[PDB]
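Enquirer: File name upload_25.txt; file contents compact mmCIF, C-alpha atoms (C1' of nucleotides) and all ligand atoms; full text below.
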# COMPACT_ATOMS: atom_id res chain seq x y z
CA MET A 138 -17.62 -15.27 -1.84
CA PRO A 139 -18.30 -11.81 -0.37
CA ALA A 140 -17.84 -8.79 -2.62
CA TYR A 141 -15.53 -6.77 -0.33
CA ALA A 142 -12.03 -8.02 0.47
CA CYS A 143 -12.51 -7.08 4.14
CA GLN A 144 -15.31 -9.69 4.37
CA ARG A 145 -13.08 -12.67 3.58
CA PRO A 146 -9.80 -14.06 4.93
CA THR A 147 -6.94 -13.60 2.47
CA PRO A 148 -3.74 -15.47 3.40
CA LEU A 149 -0.28 -14.47 2.29
CA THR A 150 0.25 -17.64 0.24
CA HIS A 151 -2.57 -19.27 -1.68
CA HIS A 152 -3.65 -21.60 -4.48
CA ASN A 153 -3.91 -19.30 -7.53
CA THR A 154 -0.59 -17.47 -7.54
CA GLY A 155 -0.05 -17.41 -11.30
CA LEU A 156 -3.58 -16.25 -12.08
CA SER A 157 -3.46 -13.42 -9.53
CA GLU A 158 -0.01 -12.28 -10.67
CA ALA A 159 -1.25 -11.92 -14.27
CA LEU A 160 -4.27 -9.86 -13.23
CA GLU A 161 -2.03 -7.68 -11.08
CA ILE A 162 0.13 -6.95 -14.14
CA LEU A 163 -2.97 -5.56 -15.84
CA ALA A 164 -3.87 -3.61 -12.69
CA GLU A 165 -0.41 -2.05 -12.55
CA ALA A 166 -0.56 -1.19 -16.26
CA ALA A 167 -3.98 0.41 -15.78
CA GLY A 168 -2.45 2.58 -13.07
CA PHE A 169 0.36 3.69 -15.37
CA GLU A 170 -2.33 4.92 -17.79
CA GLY A 171 -4.31 6.74 -15.09
CA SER A 172 -7.27 4.32 -15.13
CA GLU A 173 -7.80 3.93 -11.39
CA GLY A 174 -11.14 2.18 -11.90
CA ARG A 175 -9.69 -0.58 -14.07
CA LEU A 176 -6.76 -0.88 -11.65
CA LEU A 177 -9.19 -1.47 -8.80
CA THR A 178 -11.23 -4.08 -10.65
CA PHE A 179 -8.13 -6.06 -11.65
CA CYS A 180 -6.77 -5.75 -8.09
CA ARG A 181 -10.08 -6.99 -6.66
CA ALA A 182 -10.33 -9.86 -9.15
CA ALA A 183 -6.77 -10.83 -8.24
CA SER A 184 -7.65 -10.75 -4.53
CA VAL A 185 -10.75 -12.93 -5.01
CA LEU A 186 -8.50 -15.66 -6.40
CA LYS A 187 -6.14 -15.27 -3.43
CA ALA A 188 -9.14 -15.98 -1.17
CA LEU A 189 -10.22 -19.23 -2.85
CA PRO A 190 -9.60 -22.51 -0.98
CA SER A 191 -8.16 -24.39 -3.99
CA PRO A 192 -6.82 -23.81 -7.52
CA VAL A 193 -9.08 -22.63 -10.30
CA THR A 194 -8.81 -25.30 -13.00
CA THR A 195 -11.82 -24.61 -15.23
CA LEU A 196 -13.53 -21.46 -16.44
CA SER A 197 -16.87 -22.49 -14.94
CA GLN A 198 -15.32 -22.10 -11.48
CA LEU A 199 -15.38 -18.32 -12.03
CA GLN A 200 -19.17 -18.18 -12.48
CA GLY A 201 -20.67 -16.09 -9.71
CA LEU A 202 -17.33 -14.83 -8.36
CA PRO A 203 -17.45 -11.08 -7.70
CA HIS A 204 -15.34 -8.82 -9.94
CA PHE A 205 -14.97 -11.37 -12.78
CA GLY A 206 -16.55 -10.11 -15.97
CA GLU A 207 -15.71 -10.57 -19.64
CA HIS A 208 -12.19 -9.17 -19.39
CA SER A 209 -10.78 -10.82 -16.26
CA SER A 210 -12.47 -14.11 -17.21
CA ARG A 211 -10.82 -14.10 -20.64
CA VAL A 212 -7.43 -13.49 -19.01
CA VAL A 213 -7.98 -16.53 -16.78
CA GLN A 214 -9.35 -18.61 -19.66
CA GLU A 215 -6.22 -18.01 -21.73
CA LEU A 216 -3.92 -18.85 -18.82
CA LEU A 217 -5.85 -22.08 -18.20
CA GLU A 218 -5.76 -23.12 -21.87
CA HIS A 219 -2.30 -21.97 -23.04
CA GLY A 220 -0.43 -21.12 -19.83
CA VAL A 221 -0.02 -17.51 -21.00
CA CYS A 222 -2.26 -14.51 -21.72
CA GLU A 223 -1.30 -12.58 -24.83
CA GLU A 224 -2.45 -9.24 -23.40
CA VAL A 225 -0.42 -9.78 -20.22
CA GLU A 226 2.69 -10.72 -22.18
CA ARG A 227 2.18 -7.75 -24.49
CA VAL A 228 2.13 -5.49 -21.43
CA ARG A 229 5.20 -7.17 -19.91
CA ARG A 230 7.30 -6.58 -23.03
CA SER A 231 6.14 -3.03 -23.77
CA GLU A 232 8.61 -0.16 -23.54
CA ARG A 233 5.93 1.93 -21.82
CA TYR A 234 5.25 -0.61 -19.06
CA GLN A 235 8.91 -1.39 -18.36
CA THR A 236 9.91 2.27 -18.20
CA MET A 237 6.95 3.37 -16.06
CA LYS A 238 7.69 0.50 -13.68
CA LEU A 239 11.35 1.50 -13.54
CA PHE A 240 10.63 5.19 -12.96
CA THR A 241 7.75 4.83 -10.49
CA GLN A 242 9.78 2.41 -8.35
CA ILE A 243 12.12 5.33 -7.59
CA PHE A 244 11.43 6.85 -4.18
CA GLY A 245 10.21 10.36 -5.01
CA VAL A 246 8.76 9.56 -8.45
CA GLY A 247 5.05 8.95 -8.96
CA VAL A 248 2.99 8.06 -12.01
CA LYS A 249 2.65 11.71 -13.02
CA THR A 250 6.40 12.36 -13.00
CA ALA A 251 7.30 9.03 -14.63
CA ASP A 252 4.77 9.72 -17.39
CA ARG A 253 6.19 13.19 -18.04
CA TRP A 254 9.73 11.83 -18.22
CA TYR A 255 8.49 9.07 -20.55
CA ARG A 256 6.94 11.63 -22.89
CA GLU A 257 10.18 13.64 -22.83
CA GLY A 258 12.03 10.61 -24.24
CA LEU A 259 13.68 9.45 -21.01
CA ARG A 260 14.03 5.69 -20.56
CA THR A 261 16.81 4.71 -18.10
CA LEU A 262 18.06 5.70 -14.67
CA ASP A 263 21.25 7.03 -16.28
CA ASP A 264 19.05 9.28 -18.42
CA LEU A 265 17.80 10.80 -15.16
CA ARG A 266 21.28 10.99 -13.62
CA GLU A 267 22.60 13.00 -16.59
CA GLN A 268 20.45 16.05 -15.72
CA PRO A 269 20.19 16.14 -11.91
CA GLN A 270 19.09 19.80 -11.94
CA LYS A 271 15.54 18.61 -12.74
CA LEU A 272 15.35 16.33 -9.68
CA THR A 273 14.01 16.99 -6.23
CA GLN A 274 16.18 16.24 -3.22
CA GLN A 275 13.83 13.33 -2.52
CA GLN A 276 14.34 11.96 -6.04
CA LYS A 277 18.11 12.43 -5.86
CA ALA A 278 18.09 10.28 -2.73
CA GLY A 279 15.81 7.70 -4.33
CA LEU A 280 18.09 7.56 -7.35
CA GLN A 281 21.39 7.40 -5.41
CA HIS A 282 20.05 4.60 -3.20
CA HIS A 283 17.97 2.90 -5.88
CA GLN A 284 20.04 -0.29 -6.03
CA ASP A 285 19.90 -0.92 -2.28
CA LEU A 286 16.21 0.00 -2.15
CA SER A 287 15.47 -2.61 -4.84
CA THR A 288 17.01 -5.31 -2.61
CA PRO A 289 14.38 -7.07 -0.45
CA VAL A 290 14.48 -6.34 3.26
CA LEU A 291 14.65 -9.55 5.28
CA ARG A 292 12.85 -10.26 8.53
CA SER A 293 16.32 -10.63 10.05
CA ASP A 294 16.98 -7.01 9.07
CA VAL A 295 13.73 -5.95 10.74
CA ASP A 296 14.67 -7.06 14.25
CA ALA A 297 17.89 -5.04 14.05
CA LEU A 298 16.09 -1.89 12.90
CA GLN A 299 13.42 -2.27 15.58
CA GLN A 300 16.10 -2.37 18.27
CA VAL A 301 17.73 0.86 17.11
CA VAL A 302 14.38 2.64 16.71
CA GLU A 303 13.35 1.61 20.23
CA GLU A 304 16.66 2.92 21.59
CA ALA A 305 16.05 6.35 20.07
CA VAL A 306 12.36 6.37 21.02
CA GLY A 307 13.21 5.48 24.61
CA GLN A 308 15.50 8.49 24.87
CA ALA A 309 13.06 10.82 23.11
CA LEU A 310 10.20 9.84 25.44
CA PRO A 311 10.51 7.22 28.19
CA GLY A 312 7.56 4.85 28.09
CA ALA A 313 6.93 5.24 24.38
CA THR A 314 6.41 2.01 22.43
CA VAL A 315 7.33 0.82 18.93
CA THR A 316 5.08 -1.55 16.98
CA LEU A 317 6.05 -3.27 13.75
CA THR A 318 3.34 -2.75 11.14
CA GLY A 319 2.99 -2.99 7.36
CA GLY A 320 3.67 -6.16 5.44
CA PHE A 321 5.92 -7.74 8.05
CA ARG A 322 3.07 -7.65 10.57
CA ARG A 323 0.95 -9.58 8.04
CA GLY A 324 3.60 -12.33 8.07
CA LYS A 325 5.70 -11.43 5.02
CA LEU A 326 9.22 -12.80 5.17
CA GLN A 327 10.56 -10.07 2.87
CA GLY A 328 9.54 -6.52 2.05
CA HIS A 329 10.39 -3.27 0.33
CA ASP A 330 10.58 -1.28 3.58
CA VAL A 331 9.92 -1.46 7.31
CA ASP A 332 6.94 0.30 8.91
CA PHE A 333 6.80 1.25 12.59
CA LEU A 334 4.00 2.78 14.66
CA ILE A 335 4.96 4.71 17.80
CA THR A 336 2.70 5.75 20.67
CA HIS A 337 2.73 6.38 24.42
CA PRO A 338 0.16 5.10 26.96
CA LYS A 339 -0.49 8.61 28.38
CA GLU A 340 -2.68 10.53 25.91
CA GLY A 341 -0.93 13.69 24.76
CA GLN A 342 2.61 12.70 25.75
CA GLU A 343 3.32 11.68 22.13
CA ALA A 344 2.97 15.29 20.97
CA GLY A 345 6.24 16.54 19.50
CA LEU A 346 7.77 13.06 19.57
CA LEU A 347 8.78 12.40 15.98
CA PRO A 348 11.23 15.33 15.60
CA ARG A 349 12.94 14.18 18.80
CA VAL A 350 13.22 10.62 17.52
CA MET A 351 14.56 11.79 14.15
CA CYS A 352 17.17 14.08 15.70
CA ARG A 353 18.49 11.21 17.82
CA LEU A 354 18.60 8.77 14.92
CA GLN A 355 20.41 11.36 12.80
CA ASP A 356 22.94 11.90 15.61
CA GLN A 357 23.71 8.17 15.72
CA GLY A 358 24.58 8.45 12.00
CA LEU A 359 21.74 6.12 10.95
CA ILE A 360 19.74 8.45 8.69
CA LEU A 361 20.82 8.69 5.06
CA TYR A 362 17.71 10.72 4.15
CA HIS A 363 14.59 12.20 5.73
CA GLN A 364 12.27 15.11 5.01
CA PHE A 385 4.99 16.09 11.97
CA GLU A 386 3.54 12.58 12.46
CA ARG A 387 4.89 10.57 9.48
CA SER A 388 8.57 10.27 8.56
CA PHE A 389 9.70 8.55 5.34
CA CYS A 390 13.38 7.80 5.91
CA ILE A 391 16.28 5.92 4.40
CA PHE A 392 18.20 4.11 7.13
CA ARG A 393 21.78 2.97 7.10
CA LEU A 394 21.46 -0.70 8.04
CA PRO A 395 24.74 -2.37 9.08
CA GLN A 396 25.65 -5.38 6.93
CA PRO A 397 28.46 -7.95 7.17
CA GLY A 410 31.51 -5.73 6.81
CA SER A 411 29.44 -2.90 5.35
CA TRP A 412 25.84 -1.64 5.25
CA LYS A 413 22.87 -1.04 2.99
CA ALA A 414 20.21 1.61 2.62
CA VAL A 415 16.73 0.59 3.77
CA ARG A 416 13.46 2.50 3.58
CA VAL A 417 11.84 2.91 7.01
CA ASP A 418 8.55 4.63 7.79
CA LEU A 419 8.04 6.03 11.29
CA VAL A 420 4.53 7.05 12.34
CA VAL A 421 3.27 8.50 15.62
CA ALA A 422 -0.30 8.32 16.90
CA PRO A 423 -1.89 9.15 20.25
CA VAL A 424 -3.00 6.07 22.13
CA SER A 425 -6.68 6.95 21.58
CA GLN A 426 -6.07 6.64 17.82
CA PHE A 427 -3.60 3.74 18.01
CA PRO A 428 -6.08 0.98 17.02
CA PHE A 429 -7.08 2.93 13.91
CA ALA A 430 -3.48 3.70 12.98
CA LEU A 431 -2.41 0.11 13.60
CA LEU A 432 -5.29 -1.11 11.42
CA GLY A 433 -4.48 1.35 8.64
CA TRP A 434 -0.72 0.87 8.64
CA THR A 435 -0.99 -2.93 8.75
CA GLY A 436 -2.76 -3.04 5.39
CA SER A 437 -2.82 -4.45 2.91
CA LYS A 438 -3.41 -1.34 0.81
CA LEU A 439 -6.28 -3.05 -1.00
CA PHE A 440 -7.66 -4.36 2.30
CA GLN A 441 -7.76 -0.83 3.77
CA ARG A 442 -9.34 0.69 0.64
CA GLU A 443 -11.99 -2.04 0.67
CA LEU A 444 -12.50 -1.66 4.41
CA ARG A 445 -13.03 2.10 4.10
CA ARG A 446 -15.30 1.56 1.09
CA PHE A 447 -17.33 -1.03 3.03
CA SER A 448 -17.54 1.26 6.05
CA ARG A 449 -18.88 4.20 4.03
CA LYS A 450 -21.09 2.44 1.50
CA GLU A 451 -22.52 -0.42 3.59
CA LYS A 452 -22.48 1.06 7.11
CA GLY A 453 -22.58 4.82 6.53
CA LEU A 454 -19.45 5.36 8.66
CA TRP A 455 -16.27 7.22 7.67
CA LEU A 456 -13.05 5.35 8.44
CA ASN A 457 -9.44 6.52 8.32
CA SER A 458 -6.24 5.90 10.28
CA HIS A 459 -7.32 8.41 12.95
CA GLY A 460 -10.83 7.17 13.74
CA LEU A 461 -14.29 6.07 12.67
CA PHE A 462 -16.94 8.76 12.37
CA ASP A 463 -20.72 8.50 12.41
CA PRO A 464 -21.84 11.48 10.28
CA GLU A 465 -25.43 11.17 11.52
CA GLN A 466 -24.71 11.37 15.26
CA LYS A 467 -21.57 13.44 14.52
CA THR A 468 -19.54 11.27 16.90
CA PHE A 469 -16.33 9.25 16.81
CA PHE A 470 -16.23 5.62 17.86
CA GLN A 471 -13.83 4.90 20.69
CA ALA A 472 -11.73 1.82 20.01
CA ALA A 473 -9.39 0.03 22.39
CA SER A 474 -8.37 -2.63 19.85
CA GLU A 475 -8.61 -3.66 16.22
CA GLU A 476 -11.21 -6.18 17.40
CA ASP A 477 -13.35 -3.23 18.54
CA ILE A 478 -13.18 -1.72 15.06
CA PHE A 479 -14.21 -4.89 13.24
CA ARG A 480 -17.09 -5.27 15.71
CA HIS A 481 -18.15 -1.64 15.16
CA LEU A 482 -18.34 -2.37 11.42
CA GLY A 483 -20.23 -5.66 11.81
CA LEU A 484 -17.34 -7.63 10.28
CA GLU A 485 -15.85 -10.88 11.52
CA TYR A 486 -12.39 -10.23 12.93
CA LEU A 487 -9.43 -10.94 10.65
CA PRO A 488 -5.92 -11.23 12.07
CA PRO A 489 -3.19 -9.38 10.12
CA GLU A 490 -2.08 -12.61 8.43
CA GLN A 491 -5.54 -12.83 6.79
CA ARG A 492 -5.55 -9.22 5.55
CA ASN A 493 -3.30 -9.95 2.55
CA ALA A 494 -5.82 -8.79 -0.03
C1' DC B 1 -24.90 5.60 -14.86
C1' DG B 2 -21.47 7.13 -10.72
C1' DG B 3 -18.25 5.39 -7.89
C1' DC B 4 -14.00 3.66 -7.12
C1' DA B 5 -10.14 5.23 0.45
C1' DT B 6 -8.30 8.59 2.75
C1' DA B 7 -4.96 10.50 4.83
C1' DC B 8 0.01 13.39 5.71
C1' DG B 9 4.88 15.75 3.91
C1' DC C 1 3.65 17.03 -6.66
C1' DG C 2 5.42 13.30 -3.41
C1' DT C 3 4.51 9.74 0.47
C1' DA C 4 1.76 5.72 3.31
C1' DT C 5 -1.31 1.35 4.26
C1' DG D 1 -13.55 -3.09 -15.35
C1' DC D 2 -16.92 -4.16 -12.77
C1' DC D 3 -21.00 -3.47 -9.25
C1' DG D 4 -25.15 -2.00 -7.52
MN MN E 1 -12.03 -5.40 -22.01
MN MN E 2 -7.43 -20.34 -27.02
MN MN E 3 5.71 -1.47 4.04
MN MN E 4 6.22 1.94 4.23
MN MN E 5 -2.78 13.31 12.74
MN MN E 6 -19.64 5.50 -16.30
MN MN E 7 3.54 -0.42 0.14
NA NA E 8 7.95 6.20 -6.48
Can you dump the structure from the file as C-alpha cells?
Ligand SMILES: [Mn+2]
Ligand SMILES: [Mn+2]
Ligand SMILES: [Mn+2]
Ligand SMILES: [Mn+2]
Ligand SMILES: [Mn+2]
Ligand SMILES: [Mn+2]
Ligand SMILES: [Mn+2]
Ligand code: NA

Expert:
Amino acid sequence: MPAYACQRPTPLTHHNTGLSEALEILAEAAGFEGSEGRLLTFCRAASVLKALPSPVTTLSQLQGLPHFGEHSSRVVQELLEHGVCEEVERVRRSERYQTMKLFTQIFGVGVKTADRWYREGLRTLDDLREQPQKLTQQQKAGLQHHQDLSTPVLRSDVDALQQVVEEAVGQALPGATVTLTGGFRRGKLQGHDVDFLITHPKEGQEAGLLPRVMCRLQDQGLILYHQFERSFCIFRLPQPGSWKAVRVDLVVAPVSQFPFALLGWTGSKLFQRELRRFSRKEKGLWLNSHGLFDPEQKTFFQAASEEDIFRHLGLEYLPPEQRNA
DNA sequence: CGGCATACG
DNA sequence: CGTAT
DNA sequence: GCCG
C-alpha cells in the first residue's frame, strides 16, 4: 500500500464504506477546529481504506497500512467490535459540529465565518436571516438558495446544463469546447454542483472568453447569481413544471494548460493535494492547475494529455474513475 | 521535529 | 475573507 | 494525526 493517494487506484465505491465514513467525520470535525494536520491524516486514513481490495474485518489487517496510528486504529477497532465509535458519535451529536456543518455548507460561508457566528450565539439559518445586514451578497445568495443547493444534482441534470453552456460558449467564441470535470467526470451519479472546463484549440483565442459566456448566459435568464478565469455561479435549471437552483463552476484555460487544468479540476480534492505533495516532496517539481515547474532548470513541462503528466511524475496512469481518494 | 497543495474571485 | 479540485 |  503506497503512502500517497496518487500512487494507488481509488474507486468510487469500495469495501470499507462505514469505516471510511467514520474517519471522515473526524476529519471534518478537525477542520471545524482549525486542525488542518489532523484533518489530513484522517482523510488519508479514510482513503487508504477506500483503496483496499476487500473489507477490513480484524484489527491486525491495519498493521503496516500508511496513516494508521494509535488514534485511527482505535476508531476502527471500536467499529469492528461494537459497530460504533464513541468519539465519532460524540462528534455527530455535538451542537458545535452540527452548527459548523450547517453554516459552512452555505455558499459564501467558510470555517472562519461559521466559527465567528457560532461564538456570537448563532445556531440556525433563520438566525442568519434575521440580520441580513451582516451578510455578503454571496452569502445572501447562498442562504436564499440553500434548500435547492442542498438537493443532489443528478447526472440527468448535468446533460441539460452542458447543452446550455455549450450554446453560450459557441456564441461567445466559435470553436471553443466544454468539458465536464469534477466529481461527475470521476463517475459520480450525484453531486453538489457541476464543474465545466472551457478552452479553444488556438492558443490565445480563449482570452476574454468567460465574461462573454457569462453575459450570454445572463441574457438567457439562466443566472441566478454570479460574481477572469473562474466563475462560481448559481444556475436556474428547468424542472418539471418549475426549476431549481444549481451551483455551476465555469473555468477557462488556454489549450497549453488544458491537461493541467483538467487534472486539477477532476480531483478528487484529496487526490490533487496528494499529487501536488508527491510532485514537490518526491520529485522536486511544483504542480498546479496551470503547469508543472522544474525549479532547478527553471522550465515548465509541456503536456498534451493527463497521461503526459503522470509520466512526467513517474506515476502509473490513473483514469478519473480511480482518482476518488 | 516540520510539514501538511496551490491556486483564483 | 470567500471560492475550486 | 501521522510520516519521514
Ligand atoms: Mn489521539
Ligand atoms: Mn471495546
Ligand atoms: Mn464539483
Ligand atoms: Mn465546483
Ligand atoms: Mn490563470
Ligand atoms: Mn510538531
Ligand atoms: Mn467540492
Ligand atoms: Na461554504

Enquirer: What is the CA of residue 309 in chain A to CA of residue 363 in chain A distance in Å?

Expert: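 About the pair CA of residue 309 in chain A and CA of residue 363 in chain A: they are 17.5 Å apart.
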
Enquirer: Would you mind reading off the distance between CA of residue 475 in chain A and CA of residue 345 in chain A, one decimal, in Å?

Expert: 25.3 Å

Enquirer: Pick the closest to chain C from A:440, A:385, A:321, A:392: which is it, counting only C-alpha atoms (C1' of nucleotides)?

Expert: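 Ranking A:440, A:385, A:321, A:392 by distance to chain C, first place goes to A:440.
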
Enquirer: Using only C-alpha atoms (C1' of nucleotides) and all ligand atoms, what are the residues with an atom within 10 Å of ligand MN 6 (chain E), set out as a PyMOL selection string?

Expert: chain B and resi 1-3

Enquirer: Rounded to one decimal place, report the CA of residue 326 in chain A-CA of residue 292 in chain A distance in Å.

Expert: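 We find that CA of residue 326 in chain A and CA of residue 292 in chain A lie 5.6 Å from each other.
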
Enquirer: Per residue of chain A within 10 Å of chain D, record the nearest atom pair and its distance in Å to one decimal, counting only C-alpha atoms (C1' of nucleotides), with rows in chain order and ascending residue number, as CSV.

Expert:
residue,atom,partner,partner_atom,distance
A:140,CA,D:3,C1',9.1
A:172,CA,D:1,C1',9.7
A:173,CA,D:1,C1',9.9
A:174,CA,D:1,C1',6.7
A:175,CA,D:1,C1',4.8
A:176,CA,D:1,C1',8.0
A:177,CA,D:1,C1',8.0
A:178,CA,D:1,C1',5.3
A:179,CA,D:1,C1',7.2
A:181,CA,D:2,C1',9.6
A:182,CA,D:2,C1',9.4
A:203,CA,D:3,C1',8.5
A:204,CA,D:2,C1',5.7
A:205,CA,D:2,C1',7.5
A:206,CA,D:2,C1',6.8
A:207,CA,D:1,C1',8.9
A:208,CA,D:1,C1',7.4
A:209,CA,D:1,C1',8.3

Enquirer: Please identify every residue of chain A that has at least one atom no more than 6 Å from any atom of chain C, counting all atoms listed in the file, and report them as an mmCIF file with C-alpha atoms, keeping the file's coordinate frame.

Expert:
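For reference, selection22.cif as written:
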data_model
loop_
_atom_site.group_PDB
_atom_site.id
_atom_site.type_symbol
_atom_site.label_atom_id
_atom_site.label_comp_id
_atom_site.auth_asym_id
_atom_site.auth_seq_id
_atom_site.Cartn_x
_atom_site.Cartn_y
_atom_site.Cartn_z
ATOM 1 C CA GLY A 245 10.210 10.360 -5.010
ATOM 2 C CA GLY A 433 -4.480 1.350 8.640
ATOM 3 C CA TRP A 434 -0.720 0.870 8.640
ATOM 4 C CA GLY A 436 -2.760 -3.040 5.390
ATOM 5 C CA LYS A 438 -3.410 -1.340 0.810
#

Enquirer: Considering only C-alpha atoms (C1' of nucleotides), extract the chain A residues located within 8 Å of chain B and return them as a list in words.

Expert: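 Every residue meeting the condition is included here: residues 173, 174, 177, 364, 386, 387, 441, 442, 443, 445, 446, 457 and 458 of chain A.
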
Enquirer: Please extract the residues at most 10 Å from ligand MN 4 (chain E), counting all atoms listed in the file, and provide them as a list in words, using the chain letters and residue numbers of this document.

Expert: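 Sorted by chain and then by number, the residues are residues 318, 319, 320, 328, 329, 330, 331, 332, 333, 388, 389, 390, 416, 417, 418, 419, 420, 434 and 435 of chain A; 3, 4 and 5 of chain C.
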
Enquirer: Find the residues near ligand NA 8 (chain E). Use a cut-off of 10 Å, count all atoms listed in the file, and write them as a list in words.

Expert: residues 238, 239, 240, 241, 242, 243, 244, 245, 246, 247, 248, 250, 251, 276 and 279 of chain A; 2 and 3 of chain C

Enquirer: Which residues, protein or nucleic acid, reach to within 10 Å of (-13.5, -19.0, -13.5) in the file's coordinates when using only C-alpha atoms (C1' of nucleotides), and can you give that as number ranges by chain?

Expert: A: 186, 193-202, 205-206, 209-214, 217

Enquirer: Box for chain C: with edges along x, y and z, all listed atoms inside and 8 Å added on each side, what are the centre and edge lengths in Å to one decimal, as lines of an AutoDock Vina configuration file?

Expert:
center_x = 2.1
center_y = 9.2
center_z = -1.2
size_x = 22.7
size_y = 31.7
size_z = 26.9

Enquirer: Can you find the residues with an atom no farther than 12 Å from (-17.7, 8.4, 14.6), counting all atoms listed in the file, and report them as a VMD selection string?

Expert: chain A and resid 429 448 to 449 452 to 457 459 to 472 478 481 to 482

Enquirer: Take the residues just selected and output them with C-alpha atoms as a CSV table (one decimal), keeping the file's coordinate frame.

Expert:
chain,number,residue,atom,x,y,z
A,429,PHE,CA,-7.1,2.9,13.9
A,448,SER,CA,-17.5,1.3,6.0
A,449,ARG,CA,-18.9,4.2,4.0
A,452,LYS,CA,-22.5,1.1,7.1
A,453,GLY,CA,-22.6,4.8,6.5
A,454,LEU,CA,-19.4,5.4,8.7
A,455,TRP,CA,-16.3,7.2,7.7
A,456,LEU,CA,-13.0,5.4,8.4
A,457,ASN,CA,-9.4,6.5,8.3
A,459,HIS,CA,-7.3,8.4,13.0
A,460,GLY,CA,-10.8,7.2,13.7
A,461,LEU,CA,-14.3,6.1,12.7
A,462,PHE,CA,-16.9,8.8,12.4
A,463,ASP,CA,-20.7,8.5,12.4
A,464,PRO,CA,-21.8,11.5,10.3
A,465,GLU,CA,-25.4,11.2,11.5
A,466,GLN,CA,-24.7,11.4,15.3
A,467,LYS,CA,-21.6,13.4,14.5
A,468,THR,CA,-19.5,11.3,16.9
A,469,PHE,CA,-16.3,9.2,16.8
A,470,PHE,CA,-16.2,5.6,17.9
A,471,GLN,CA,-13.8,4.9,20.7
A,472,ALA,CA,-11.7,1.8,20.0
A,478,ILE,CA,-13.2,-1.7,15.1
A,481,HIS,CA,-18.2,-1.6,15.2
A,482,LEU,CA,-18.3,-2.4,11.4

Enquirer: Dump the neighbourhood of ligand MN 2 (chain E) as number ranges by chain: all residues within 8 Å, distances computed on all atoms listed in the file.

Expert: A: 214-215, 218-219
